[PDB]
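Fold and geometry: a report
In case you want the letters, here they are:
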Amino acid sequence: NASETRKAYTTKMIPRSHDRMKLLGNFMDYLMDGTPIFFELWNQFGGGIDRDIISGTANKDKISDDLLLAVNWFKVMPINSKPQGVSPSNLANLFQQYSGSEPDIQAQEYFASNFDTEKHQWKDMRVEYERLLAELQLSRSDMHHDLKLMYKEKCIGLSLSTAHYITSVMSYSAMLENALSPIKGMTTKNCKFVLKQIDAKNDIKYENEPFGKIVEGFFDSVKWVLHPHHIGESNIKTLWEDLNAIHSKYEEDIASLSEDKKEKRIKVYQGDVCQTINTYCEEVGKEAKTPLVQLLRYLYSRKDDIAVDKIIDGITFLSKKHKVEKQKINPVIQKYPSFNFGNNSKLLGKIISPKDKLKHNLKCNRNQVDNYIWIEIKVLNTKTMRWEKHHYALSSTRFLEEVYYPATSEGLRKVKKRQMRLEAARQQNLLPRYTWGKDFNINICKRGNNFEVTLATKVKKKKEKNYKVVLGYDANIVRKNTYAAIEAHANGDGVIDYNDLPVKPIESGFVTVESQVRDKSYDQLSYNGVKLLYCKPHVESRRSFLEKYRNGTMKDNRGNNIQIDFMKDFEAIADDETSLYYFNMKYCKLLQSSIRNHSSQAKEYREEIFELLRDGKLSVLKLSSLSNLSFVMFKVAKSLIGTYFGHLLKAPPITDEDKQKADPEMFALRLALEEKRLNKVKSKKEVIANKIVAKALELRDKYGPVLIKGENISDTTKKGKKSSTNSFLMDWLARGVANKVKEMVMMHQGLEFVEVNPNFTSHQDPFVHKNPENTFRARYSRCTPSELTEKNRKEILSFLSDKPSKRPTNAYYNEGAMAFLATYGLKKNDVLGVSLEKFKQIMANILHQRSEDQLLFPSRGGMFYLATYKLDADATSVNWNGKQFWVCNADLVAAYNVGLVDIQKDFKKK
RNA sequence: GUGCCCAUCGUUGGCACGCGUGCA
């Protein structure tokens, strides 16, 4: 209803007058050097609190007295700091000495919380409070009364007030907000951290610690965290059932036939178990992350030592323990200041704005208006100890285009264009008035010999509720991220009722950014690179590089062979049909594998990485597509360089500084590429948000307010999803997209963001699933018989296998395969046979009989999901048996179902 | 003002965006 948000334009300061610039710099340095004084002083006041002083409202959600008090006078400050004097050993008795308090679990687990002893350490804040009292020559009773009074006005402890009220009751304000900002933020973060840990520490079994260490022996059999997704929590039971069945088939072969042939028996037993676990991970890997075969075979090798239901407990115990032991506490560190400036209660100072800029340009020999901004900032000069309002220059061209241009009429190539383009507006008479208002909270920070002013501003929303329309999007890396907008109560072709209202499918399509080019119109979100029509030299250089390397060893069958200059994937990656970005991704994966094997000779693997990233004309850094597999290219590049460092020095662990010292250029390259990927993921977030909000505006001007149906992880205390799908979702910070989209929702009037978990959003048939009854129809892959392969027939016939389908997806694909047989009359006896050419011929005959020409068969890695209505807007009415379904696009139907998931609640009939 | 896209880097190339606490 009332949610204001900030917006800054990251302006740039210019040195215009050395004397005044240095005066402002001296004032800023004065305030910056005075800020640590207030930081230490407020630490001193905070540490002085004692029990019986919080005996007021006591309005905390679940924070006990012990935790609040300990955290408020126990903190982890940098090692090189005055408050030193305590060690992490005697913490319990130290707390006991203060007010005779018993350290309970609530406070103990805070105490029993690890920190980074390399740079931080615990500080007393109580003997330091006594030191402050002594240095102030004030009685302990007086200081205690003063701090109690301050806490009464919420001026110390948890959730302090703003510097305005503080200083009013207690130039000082701005340096104060750069001092107690950490004292206010880190305290709350730590208290919530301890709450979460206690809520996730007691829940740990505490009885399987023996089995936990037993399984942890796997690592001692770089270190990474173990999680339940490494086993397939609910399916390893069936895996061991099958392995037990095999063992019974091996007990007879072991007790009997003990001659010189049981060596082959044990070899085939090992092969059978390894291949069974591999098939187990692959089949479950089609819906989740494939468990590491190495871990599974290791644990099976210790099957006897662990019971059937003890492996699950051990792995979950390890997950909980190793996420608890890597989640650290928040150290209250010296905050760097920023010194915001505002026109309401901060240090008085103002951007002048356009009408006044025109006034001051007319009084001088300025043509009509200058390309820079002038800000009047109140600098308190020290030499002349007084405040003067001095004018300084900002150069934010974007700001000029946005709000800093008047309505007269209604290396520098790029930048100059923006002003000239904006200059043309002065003579085209198009730009509307901006209604300055002068409500900008300009921020001025001093790092070195420069400044980074921003000109922040506050924008209100007044969010609406009557969402006449809804919108959803996929935000996945499968392929073709997409969106779909659905109306609520329309009356037309689509009057499809869900429970009590006709949700009409308005539109649905892939969301791709438009980036016009001299001769084409590419899409950053899905370009996938060029089709290698002109990029022959780049791939040819890659071929020349990889021609001189013999081969590598795989792990599918524990053996591989080569003679000389054997290839790995060129025959299936050097095709002009393949996209450039995918080619680079595959090449980077191949190099990652090569270094994984060829580790000793890493000295020769630096020029190539440079070429793919810096030196190559079509380098990864230069040319890339802001495509879902594009982030895959950068992730594989990061992993490639990390593994290159880890396999060049092949043993204490090697840190970032070791990488610096070993090779300076490579480490700088990894940092540059990480920055590239960080700002590029920011770019994808903002661009997808911009398109979604623009299409939301389209709907708003068409019909009305539109929701977006995003995905949330925290702030709901549900977390019904496991860490498995949580990680499978949060990749490439998908939430960030949603996050960005809600931040922009804070300004684009009429929009509104609501997030819904990713559950029940995989194969649901839109508008019929959970409308009358659960449907959960499967996906397929429309295609002609002329381009089938072994995989398609293998997959469809595998769907026909009748067993205990633990995963509902397998059962639903079984039902889909039965429906496919009914539609085609495949004669399962003959359909489940070999010679896929026979199946293709039968499909061709069926298509010749029917009027249709392209066949339609179920599959997993396939698009063209079947819907019962017109969704894709290009769907054809294909009859399955007698159902006259619509062959829409799988991605669009996924966009449809990920939307409206909880519309029955997000859009109640209130 | 930072950035993103490009066989070629401009046709006056196209386009986007909040800077700073914890998010995998």
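Rules used in this analysis
- Residues numbered from 1 in each chain as written, not as in the entry; some residues may be left out.
- Chains lettered and ligands numbered in written order.
- Heavy atoms only, no water.
- Residues with missing side-chain atoms left out of burial classes, pairs and counts.
- Helix = DSSP H or I, 4+ residues; strand = E, 2+ residues; numbered from the N terminus.
- Pairing = 2+ DSSP bridges.
- Contact = heavy atoms within 4.5 Å.
- Axes fitted to C-alpha atoms, helices over the stretch in contact; angles between N-to-C directions.
- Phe/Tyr/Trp six-rings, centres within 6.5 Å; stacked < 30°, edge-to-face > 60°.
- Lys NZ or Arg CZ within 6 Å of the ring centre and 35° of its normal.
- Polar contact = N/O pair within 3.5 Å; in protein donor to acceptor, adjacent residues only side chain to side chain.
- Salt bridge = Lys/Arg side-chain N within 4 Å of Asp/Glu carboxyl O.
- Parallel < 35°, antiparallel > 145°, perpendicular 65-115°, else oblique.
- Nonpolar A, V, L, I, M, F, W, Y, C, P; charged D, E, K, R; others polar.
- Domains from an automatic or database assignment.

Structure determination for this PDB entry was carried out by cryo-EM, with a resolution of 3.9 Å recorded in the header.

A count of helical and extended segments in chain A gives 31 helices and 20 strands. Expressed as lengths along the three principal axes of its C-alpha atoms, the size of chain A is roughly 100 × 75 × 65 Å.

Sheet analysis places strand β10 (residues 469–473) next to strand β11 (residues 482–487), joined by 5 bridges and oriented antiparallel. Residue pairing in the sheet places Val-469 in a bridge with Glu-487 of β11. Across 5 bridges, β11 lies against strand β12 (residues 505–510) in antiparallel orientation. Paired with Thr-482 across the bridge in β12 is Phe-510.

With that out of the way, let us pick up unusual backbone geometry. A positive phi angle is found at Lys-770, which is not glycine, with a value near 60°. Mapping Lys-770 onto the fold places it in the loop between α25 (734–745) and β16 (780–783). Positioned with a positive phi, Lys-827 is a non-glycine residue whose angle comes to about 60°. You can see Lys-827 is positioned in the loop between α27 (808–824) and α28 (828–831).

Here we take up the sheet that holds strand β6 (residues 373–381). Spatial ordering of the open sheet is given by β4-β5-β6-β7, a layout of 4 strands whose pairing is mixed. Edge positions in the open sheet fall to β4 (341–342) and β7 (386–394), since each of these has one partner strand only. Relative to the sheet, helix α1 (residues 18–47) contacts β4, β5 (347–351), β6 and β7, its axis offset from that of β6 by approximately 55°.

With that settled, consider the packing of aromatic side chains. On the basis of an interplanar angle of 55° and a centroid distance of 4.9 Å, the ring pair of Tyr-9 and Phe-399 is categorised as tilted. Taken together, the ring pairs in this structure connect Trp-73, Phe-74, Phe-95, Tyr-98, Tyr-110, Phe-111 and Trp-122 into an aromatic cluster. Of note, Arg-16 hangs over the ring of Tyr-392, and the distance from its end group to the ring centre comes to 5.2 Å. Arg-447 extends its terminal NZ or CZ atom over the ring of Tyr-336, reaching a point 3.6 Å from the ring centre.

Along the chain, the position of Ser-508 falls in strand β12. A polar contact of 3.4 Å, which involves the side chain of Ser-508, links it to the backbone oxygen of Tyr-483. Each residue touching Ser-508, except ones within four places of it in the same chain, is listed here: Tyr-483, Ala-484, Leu-871, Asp-872, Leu-892 and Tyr-896.

Another aspect to go through is the pattern of salt bridges. The partner of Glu-233 in a salt bridge is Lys-722, and the shortest N-O contact between them spans 3.7 Å. Residues joined by salt bridges that share partners form a network here, namely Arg-51, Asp-65 and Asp-66.

A few words now on the sheet that holds strand β18 (residues 866–867). Hydrogen bonds along the backbone pair up the strands of a sheet, which may run parallel or antiparallel. With antiparallel pairing, the 3 strands of this open sheet are ordered in space as β18-β20-β19. Bordering the open sheet on either side are β18 and β19 (876–878), each of which pairs with just one other strand. Relative to strand β20 (residues 885–887), β18 runs antiparallel, the two being bridged by 2 bridges. Bridge pairing in β20 links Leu-866 to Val-887.

With respect to the helices, strands and loops of the structure, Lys-458 is situated in strand β9 (residues 456–459). Placed 17 residues apart in sequence, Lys-458 and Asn-441 show a C-alpha to C-alpha distance of 7.8 Å. With sequence-adjacent residues up to four places away left out, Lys-458 is seen in contact with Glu-4, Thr-5 and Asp-439.

To continue, consider the packing of helix α10 (residues 209–216) against helix α14 (residues 310–324). The interhelical angle for the contact between α10 and α14, taken along N-to-C directions, is 80°, at an axis separation of 8 Å. By the angle class used here, α10 and α14 are roughly perpendicular. Here α10 contributes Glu-209, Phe-211, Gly-212, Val-215 and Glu-216 to the contact with α14, which in turn contributes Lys-310, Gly-314, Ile-315, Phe-317 and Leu-318. The residue inventory of the contact of α10 with α14, partitioned by class, reads 5 nonpolar, 2 polar and 3 charged.

What follows is about the domain arrangement of chain A. Here chain A is described as being made up of domain 1 (28–201), domain 2 (226–324), domain 3 (341–442), domain 4 (469–518 + 685–745), domain 5 (536–682) and domain 6 (780–906). Centre-to-centre, using C-alpha coordinates, domain 2 lies 33 Å away from domain 5.

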